[PDB]
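Here the structure comes first, spelled out in structure tokens, and everything after it is commentary.
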Amino acid sequence: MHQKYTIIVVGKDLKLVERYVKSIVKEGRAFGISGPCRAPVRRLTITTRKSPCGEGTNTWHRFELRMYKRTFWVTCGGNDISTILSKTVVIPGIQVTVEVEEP
Amino acid sequence: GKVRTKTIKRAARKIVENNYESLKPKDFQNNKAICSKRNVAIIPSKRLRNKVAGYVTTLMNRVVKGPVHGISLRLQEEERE
Amino acid sequence: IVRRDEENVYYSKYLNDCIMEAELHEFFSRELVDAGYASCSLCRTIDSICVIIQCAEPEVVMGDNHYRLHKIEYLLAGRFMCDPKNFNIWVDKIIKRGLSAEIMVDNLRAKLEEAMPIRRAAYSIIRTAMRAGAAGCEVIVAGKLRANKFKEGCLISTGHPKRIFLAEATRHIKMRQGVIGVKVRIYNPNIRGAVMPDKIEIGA
Amino acid sequence: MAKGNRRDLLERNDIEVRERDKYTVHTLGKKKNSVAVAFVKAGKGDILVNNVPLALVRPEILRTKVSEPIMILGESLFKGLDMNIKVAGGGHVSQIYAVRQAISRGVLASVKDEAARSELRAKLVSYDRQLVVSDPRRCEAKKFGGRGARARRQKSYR
RNA sequence: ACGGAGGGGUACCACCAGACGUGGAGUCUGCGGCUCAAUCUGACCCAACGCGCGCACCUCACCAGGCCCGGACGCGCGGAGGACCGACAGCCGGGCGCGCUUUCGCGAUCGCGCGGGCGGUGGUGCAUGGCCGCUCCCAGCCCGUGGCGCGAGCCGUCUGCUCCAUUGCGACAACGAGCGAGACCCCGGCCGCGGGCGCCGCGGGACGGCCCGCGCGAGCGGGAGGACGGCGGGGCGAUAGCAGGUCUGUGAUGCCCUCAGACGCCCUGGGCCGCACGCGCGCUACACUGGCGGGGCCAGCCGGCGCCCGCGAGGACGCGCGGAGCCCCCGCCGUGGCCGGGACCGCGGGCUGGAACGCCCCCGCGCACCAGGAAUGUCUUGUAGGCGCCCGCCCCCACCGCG
């Protein structure tokens, strides 16, 4: 019936994470699913010496890993748990693009 | 970047010799637009397109004032006698 | 306006699964070499993970009715403490084997350990790649034999395009006299129909 | 504390709604990490800053700087306009300069005529051009070789 | 390759013009030397010395002492008529059934030898892989055919003009390709669309384009208009090479040394901090362009708060809520090593931890230091300099490093 459900999309790659939302909004064309809030990027950072022994000019690697995430809490109870499964099946299967649904 | 690499020059020369009737020199908008056409020529990157177009306009006005060697203009009609 | 320790679970939940995988890559490399494993992935299911793999010889990985694959299936479950059955591995196949570095390097390593010397193996590998539609390869063998290189055609080695077009791999060989460091690099400028920059065409 | 690009500041939701609408013109001005938002409505004439009279803004010595857009021109048009500026960012001086830029841009828009607008543009830009066009330069990063953007840690060759 | 040989170029890791400094004191730290039982080791011009990511126990190799086999698997002999393994009580032992003194318990999970292992911050980095450093903040490197030489080799790959650039124009026994450079990726400044819990996704825009001078030429000088004008800051990084560093990062490893009084693993202590002295990167100052008190006030990487005790550091409760120094204003001090300076030292109150040698706050004492010789380092716009704020290793602590 109505559950005030939530949709959350978490991933690293900007390309898929932006293409997947387009399909989701297509699927929510008639169920009223609307714009997603795009959270500030969680740019994780790490630094390390490039030399295992610490010889020579002190240099530093700088790797970082971003965590883009979007939220489609629009459905809420607007949709039924019957098609919430339908919401979760017609969507494409991307290898890594974690998602979770809560009320 | 002021000195233009070889690729820019060669491709620009090809474009001028091929599409000459529709490249009005001294403007950077018309020539850019025409180079945008895939029937004309293809540029993968924006900056490269702008660079090529600029060199094409400079070559085209240099030619309209005084045509060059290596670029075929079919000017025989006024020099065939 | 918002609380920063709620989304931390989702962020930390995605990071754990990333590491959960690399261990899989290491283990497969230590085990399913026989089938020339290439790469893996993951897809957190409702009650399991839908890991799919890519190995040139699919038959070797699975057994009678996938029996040994089933054997492996339970193993992972205990290690990650997930419910068995729900585990559902998948097996794939690679078509253009002369376009992947890892299968070639593994075959080359095995060949080298077949008493045959570096030259024949390296030239066999480069021929196999070039006949498989590659702009060029490069074989380097370093150890107690210095460095004896072999190369055929044009490769790029600098710039952003390297990480996507050029694919490299490395290995180590434990030979009686010492260790034979061997690596391989292949440059395919037509991968996934991507246009390499400064590559132009003009028409009539 | 405020970033400057917060949705609340940009839309000035702090003001009550029934008074929000009466403000028509919208203007912007910035210098370095500082964003000043100005809303204008024609009126008897008055200015404000972060809920403060324009006169009593405390660099004190820079009062003429915050008021230059006015004494450059005549008070004739400034008489008929009232502003409620809201600023937030880094540094007192940066806030000052952003505020004067916003004042200039806002008064320029409300003229409603293009020719007189161009004339005012010519008058104002003749004086300090950075009263209409923003200033681009911004702080740069620091490399690990040294302990500053360009300075390097002292080296001992011996 | 070199030249105290010539000619073209080039760079604040070079100079001109300047700026800010170090070497003079006190102090943090590392490096040699001395000392001890040990004060564990690697590296020594550029290219060793806040670097091998914070040492009370572990970390940890080193010193004083002590538990255990945690000896797989095979072969030969023995063994439930009993192989091996634990223990209340009393002494010696830092303590432990560690050892001894009586006597109970357990039951093949094996015991002795021979083959054969695993393990080890133990050695050779001059046996090696991998990763970095340097040559290199470079602009250079080669292929097929062809030609010249008996040949090693040469031309291609430039004694011309341009570019920061083997970047380009124009020639030539050479013709035609390739790598590196560029393009490329991240970030920021302007604009548009869309969406929006939280400002975040997709695109336009700047190209030596316009005008004027020159130059065949590529390209140089000046002026505009514009958010931005001519390599804006970073990432990537060619060929070949070094006896550069790393066996003490690893189920990376060859060969040596150790393997039942152990270099294995573990436990209690101590040490790595010990100090007549030499110097390397830093921190605090020598004051009026200042010190003290009261008050007003604005940042970003990003971010957690209320009440009550306590001078303060801190402490007991309960919930989800929130940002600074410089600076400006008013007064005191008045050139006196003084109210500049806060090293050193004596009572005391707290925190972490099993354990303070560790760290904070309060009262008291108040060292050198009056701008630092020979010498030497860095720097061109939001830059130097000044001011503060978060992360790293972390039970506590930042004068360090990344931002």
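Chain lettering (A, B, ...) mirrors the order of the structure tokens, residue numbering begins at 1 for each chain separately, and ligand numbering begins at 1 in order of display.
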Residues of chain C within 9 Å of chain B, counting only C-alpha atoms, as a PyMOL selection string: chain C and resi 195-204
Using DSSP on the backbone, list every residue of range 119-193 of chain C that comes out as strand (DSSP E), and give them as a PyMOL selection string. chain C and resi 136-143+147-151+166-171+174-175+178-187
Contacts of chain D with chain E up to 10 Å, shortest pair per row, only C-alpha atoms (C1' of nucleotides), as JSON lines:
{"residue": "D:1", "atom": "CA", "partner": "E:323", "partner_atom": "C1'", "distance": 5.6}
{"residue": "D:2", "atom": "CA", "partner": "E:299", "partner_atom": "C1'", "distance": 8.8}
{"residue": "D:3", "atom": "CA", "partner": "E:300", "partner_atom": "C1'", "distance": 8.5}
{"residue": "D:5", "atom": "CA", "partner": "E:199", "partner_atom": "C1'", "distance": 7.1}
{"residue": "D:6", "atom": "CA", "partner": "E:199", "partner_atom": "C1'", "distance": 7.1}
{"residue": "D:7", "atom": "CA", "partner": "E:199", "partner_atom": "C1'", "distance": 6.9}
{"residue": "D:32", "atom": "CA", "partner": "E:382", "partner_atom": "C1'", "distance": 9.3}
{"residue": "D:33", "atom": "CA", "partner": "E:299", "partner_atom": "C1'", "distance": 8.2}
{"residue": "D:34", "atom": "CA", "partner": "E:299", "partner_atom": "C1'", "distance": 9.2}
{"residue": "D:58", "atom": "CA", "partner": "E:328", "partner_atom": "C1'", "distance": 7.2}
{"residue": "D:59", "atom": "CA", "partner": "E:328", "partner_atom": "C1'", "distance": 6.5}
{"residue": "D:60", "atom": "CA", "partner": "E:328", "partner_atom": "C1'", "distance": 7.8}
{"residue": "D:61", "atom": "CA", "partner": "E:328", "partner_atom": "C1'", "distance": 9.2}
{"residue": "D:88", "atom": "CA", "partner": "E:298", "partner_atom": "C1'", "distance": 8.2}
{"residue": "D:89", "atom": "CA", "partner": "E:299", "partner_atom": "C1'", "distance": 6.5}
{"residue": "D:90", "atom": "CA", "partner": "E:299", "partner_atom": "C1'", "distance": 4.3}
{"residue": "D:91", "atom": "CA", "partner": "E:298", "partner_atom": "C1'", "distance": 5.5}
{"residue": "D:92", "atom": "CA", "partner": "E:298", "partner_atom": "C1'", "distance": 5.5}
{"residue": "D:93", "atom": "CA", "partner": "E:298", "partner_atom": "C1'", "distance": 9.2}
{"residue": "D:94", "atom": "CA", "partner": "E:298", "partner_atom": "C1'", "distance": 9.7}
{"residue": "D:95", "atom": "CA", "partner": "E:298", "partner_atom": "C1'", "distance": 8.3}
{"residue": "D:133", "atom": "CA", "partner": "E:227", "partner_atom": "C1'", "distance": 7.9}
{"residue": "D:134", "atom": "CA", "partner": "E:227", "partner_atom": "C1'", "distance": 7.5}
{"residue": "D:135", "atom": "CA", "partner": "E:227", "partner_atom": "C1'", "distance": 8.4}
{"residue": "D:136", "atom": "CA", "partner": "E:189", "partner_atom": "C1'", "distance": 5.7}
{"residue": "D:137", "atom": "CA", "partner": "E:382", "partner_atom": "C1'", "distance": 6.1}
{"residue": "D:138", "atom": "CA", "partner": "E:382", "partner_atom": "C1'", "distance": 5.9}
{"residue": "D:139", "atom": "CA", "partner": "E:382", "partner_atom": "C1'", "distance": 5.8}
{"residue": "D:140", "atom": "CA", "partner": "E:233", "partner_atom": "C1'", "distance": 7.0}
{"residue": "D:141", "atom": "CA", "partner": "E:233", "partner_atom": "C1'", "distance": 7.3}
{"residue": "D:142", "atom": "CA", "partner": "E:403", "partner_atom": "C1'", "distance": 8.1}
{"residue": "D:143", "atom": "CA", "partner": "E:234", "partner_atom": "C1'", "distance": 8.9}
{"residue": "D:144", "atom": "CA", "partner": "E:402", "partner_atom": "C1'", "distance": 7.4}
{"residue": "D:147", "atom": "CA", "partner": "E:401", "partner_atom": "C1'", "distance": 9.8}
{"residue": "D:148", "atom": "CA", "partner": "E:384", "partner_atom": "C1'", "distance": 9.6}
{"residue": "D:149", "atom": "CA", "partner": "E:383", "partner_atom": "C1'", "distance": 8.0}
{"residue": "D:150", "atom": "CA", "partner": "E:383", "partner_atom": "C1'", "distance": 7.4}
{"residue": "D:151", "atom": "CA", "partner": "E:378", "partner_atom": "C1'", "distance": 6.4}
{"residue": "D:152", "atom": "CA", "partner": "E:378", "partner_atom": "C1'", "distance": 6.5}
{"residue": "D:153", "atom": "CA", "partner": "E:378", "partner_atom": "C1'", "distance": 7.8}
{"residue": "D:154", "atom": "CA", "partner": "E:377", "partner_atom": "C1'", "distance": 5.7}
{"residue": "D:155", "atom": "CA", "partner": "E:377", "partner_atom": "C1'", "distance": 6.5}
{"residue": "D:156", "atom": "CA", "partner": "E:377", "partner_atom": "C1'", "distance": 7.6}
{"residue": "D:157", "atom": "CA", "partner": "E:46", "partner_atom": "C1'", "distance": 6.0}
{"residue": "D:158", "atom": "CA", "partner": "E:45", "partner_atom": "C1'", "distance": 5.7}
Report as a ChimeraX atom specification the set of chain B residues whose atoms approach chain E to within 7 Å, with distances computed over only C-alpha atoms (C1' of nucleotides). /B:1-3,5,28,50-51,54
Write down as a PDB file with C-alpha atoms, in the first residue's frame the residues belonging to range 26-128 of chain C that are assigned alpha helix (DSSP H) by DSSP computed on the backbone.
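Final file, result-v3.pdb:
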ATOM      1  CA  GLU C  26      43.977 -12.841  -5.693  1.00  0.00           C
ATOM      2  CA  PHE C  27      42.450 -16.197  -4.788  1.00  0.00           C
ATOM      3  CA  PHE C  28      41.294 -16.932  -8.325  1.00  0.00           C
ATOM      4  CA  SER C  29      44.752 -16.038  -9.599  1.00  0.00           C
ATOM      5  CA  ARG C  30      46.247 -18.493  -7.113  1.00  0.00           C
ATOM      6  CA  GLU C  31      43.722 -21.223  -7.966  1.00  0.00           C
ATOM      7  CA  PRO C  58      35.278 -22.015 -19.316  1.00  0.00           C
ATOM      8  CA  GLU C  59      35.217 -25.816 -19.225  1.00  0.00           C
ATOM      9  CA  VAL C  60      38.200 -26.163 -16.898  1.00  0.00           C
ATOM     10  CA  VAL C  61      36.743 -23.917 -14.176  1.00  0.00           C
ATOM     11  CA  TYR C  67      30.673 -29.887  -9.563  1.00  0.00           C
ATOM     12  CA  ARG C  68      33.989 -28.258  -8.670  1.00  0.00           C
ATOM     13  CA  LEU C  69      32.433 -24.831  -9.173  1.00  0.00           C
ATOM     14  CA  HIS C  70      29.836 -25.901  -6.622  1.00  0.00           C
ATOM     15  CA  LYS C  71      32.692 -27.020  -4.381  1.00  0.00           C
ATOM     16  CA  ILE C  72      34.229 -23.554  -4.574  1.00  0.00           C
ATOM     17  CA  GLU C  73      30.809 -22.023  -4.009  1.00  0.00           C
ATOM     18  CA  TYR C  74      30.461 -23.302  -0.447  1.00  0.00           C
ATOM     19  CA  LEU C  75      34.057 -22.384   0.380  1.00  0.00           C
ATOM     20  CA  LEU C  76      33.614 -18.654  -0.175  1.00  0.00           C
ATOM     21  CA  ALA C  77      30.422 -18.747   1.888  1.00  0.00           C
ATOM     22  CA  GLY C  78      32.184 -19.750   5.091  1.00  0.00           C
ATOM     23  CA  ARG C  79      35.030 -17.323   4.481  1.00  0.00           C
ATOM     24  CA  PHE C  80      32.596 -14.408   4.152  1.00  0.00           C
ATOM     25  CA  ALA C 101      47.503  -9.252 -21.626  1.00  0.00           C
ATOM     26  CA  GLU C 102      46.935 -11.578 -18.671  1.00  0.00           C
ATOM     27  CA  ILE C 103      46.022 -14.777 -20.507  1.00  0.00           C
ATOM     28  CA  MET C 104      48.961 -14.236 -22.849  1.00  0.00           C
ATOM     29  CA  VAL C 105      51.389 -13.608 -19.987  1.00  0.00           C
ATOM     30  CA  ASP C 106      50.208 -16.731 -18.157  1.00  0.00           C
ATOM     31  CA  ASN C 107      50.495 -18.917 -21.256  1.00  0.00           C
ATOM     32  CA  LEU C 108      53.918 -17.411 -21.927  1.00  0.00           C
ATOM     33  CA  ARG C 109      55.019 -18.103 -18.353  1.00  0.00           C
ATOM     34  CA  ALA C 110      53.928 -21.723 -18.597  1.00  0.00           C
ATOM     35  CA  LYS C 111      55.693 -22.068 -21.945  1.00  0.00           C
ATOM     36  CA  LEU C 112      58.905 -20.618 -20.515  1.00  0.00           C
ATOM     37  CA  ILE C 118      62.671 -16.741 -24.218  1.00  0.00           C
ATOM     38  CA  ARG C 119      62.997 -15.950 -27.919  1.00  0.00           C
ATOM     39  CA  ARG C 120      60.599 -18.561 -29.297  1.00  0.00           C
ATOM     40  CA  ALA C 121      57.939 -17.881 -26.675  1.00  0.00           C
ATOM     41  CA  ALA C 122      58.094 -14.107 -27.085  1.00  0.00           C
ATOM     42  CA  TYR C 123      57.843 -14.317 -30.860  1.00  0.00           C
ATOM     43  CA  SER C 124      54.973 -16.797 -30.610  1.00  0.00           C
ATOM     44  CA  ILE C 125      53.135 -14.403 -28.296  1.00  0.00           C
ATOM     45  CA  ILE C 126      53.668 -11.323 -30.446  1.00  0.00           C
ATOM     46  CA  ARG C 127      52.597 -13.242 -33.550  1.00  0.00           C
ATOM     47  CA  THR C 128      49.482 -14.436 -31.738  1.00  0.00           C
TER      48      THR C 128
END
Considering only C-alpha atoms (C1' of nucleotides), extract the chain E residues located within 10 Å of chain A and return them as JSON, numbers by chain. {"E": [42, 43, 47, 48, 51, 52, 53, 131, 132, 133, 134, 194, 195, 196, 197, 198, 199, 200, 201, 235, 244, 245, 246, 249, 391, 392, 402]}
Residues of chain C that have any atom at most 9 Å from an atom of chain E: could you tabulate them with the shortest-distance atom pair and the distance in Å to one decimal, using only C-alpha atoms (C1' of nucleotides), ordered by chain and increasing number, as a tab-separated table?
residue	atom	partner	partner_atom	distance
C:1	CA	E:197	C1'	7.6
C:2	CA	E:198	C1'	7.4
C:3	CA	E:320	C1'	8.7
C:142	CA	E:129	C1'	7.8
C:143	CA	E:128	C1'	6.3
C:144	CA	E:128	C1'	6.6
C:153	CA	E:178	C1'	8.3
C:154	CA	E:178	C1'	6.2
C:155	CA	E:179	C1'	7.4
C:156	CA	E:179	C1'	7.1
C:157	CA	E:237	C1'	7.6
C:158	CA	E:237	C1'	5.1
C:159	CA	E:236	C1'	4.7
C:160	CA	E:184	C1'	5.3
C:161	CA	E:184	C1'	6.6
C:162	CA	E:236	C1'	8.5
C:172	CA	E:129	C1'	6.8
C:173	CA	E:129	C1'	8.6
C:174	CA	E:253	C1'	7.2
C:175	CA	E:254	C1'	8.8
C:176	CA	E:254	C1'	7.1
C:177	CA	E:254	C1'	5.7
C:178	CA	E:254	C1'	5.0
C:179	CA	E:129	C1'	5.8
C:180	CA	E:129	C1'	6.7
C:181	CA	E:129	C1'	5.3
C:182	CA	E:129	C1'	8.9
C:197	CA	E:183	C1'	6.5
C:198	CA	E:183	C1'	5.9
Okay, now the selection with C-alpha atoms, as a compact mmCIF listing (two decimals), in the first residue's frame?
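Generated output (part_0.txt):
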# COMPACT_ATOMS: atom_id res chain seq x y z
CA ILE C 1 19.94 20.28 8.14
CA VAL C 2 21.35 16.77 7.69
CA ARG C 3 23.25 14.32 9.87
CA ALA C 142 64.37 -9.73 -16.75
CA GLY C 143 66.40 -12.01 -14.52
CA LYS C 144 69.43 -14.28 -14.27
CA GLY C 153 55.25 -2.14 -33.85
CA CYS C 154 54.11 1.20 -32.49
CA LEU C 155 53.05 1.69 -28.88
CA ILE C 156 52.24 4.74 -26.81
CA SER C 157 53.67 4.95 -23.31
CA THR C 158 52.68 8.41 -22.05
CA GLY C 159 49.45 10.30 -21.53
CA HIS C 160 45.91 9.71 -20.35
CA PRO C 161 45.08 7.42 -23.32
CA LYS C 162 47.56 4.89 -21.92
CA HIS C 172 57.08 -13.78 -11.36
CA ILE C 173 58.69 -17.13 -12.19
CA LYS C 174 60.48 -19.19 -9.54
CA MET C 175 63.31 -20.89 -11.42
CA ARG C 176 66.10 -22.91 -9.84
CA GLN C 177 68.75 -20.24 -10.45
CA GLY C 178 66.52 -17.39 -9.29
CA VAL C 179 63.53 -15.37 -10.47
CA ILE C 180 62.57 -14.46 -14.04
CA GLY C 181 60.60 -11.23 -14.05
CA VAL C 182 58.36 -11.13 -17.12
CA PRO C 197 42.82 11.96 -29.86
CA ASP C 198 44.86 13.64 -32.60
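Between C1' of residue 211 in chain E and CA of residue 124 in chain D there is a distance of 26.8 Å.
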For the interface of chain C with chain A (cut-off 8 Å, counting only C-alpha atoms), please tabulate each contacting residue of chain C alongside its nearest pair of atoms and their separation in Å to one decimal, rows sorted by chain and increasing number, as CSV.
residue,atom,partner,partner_atom,distance
C:10,CA,A:10,CA,7.4
C:11,CA,A:67,CA,7.0
C:14,CA,A:98,CA,7.0
C:41,CA,A:95,CA,7.0
C:42,CA,A:95,CA,6.3
C:43,CA,A:95,CA,5.5
C:44,CA,A:98,CA,7.3
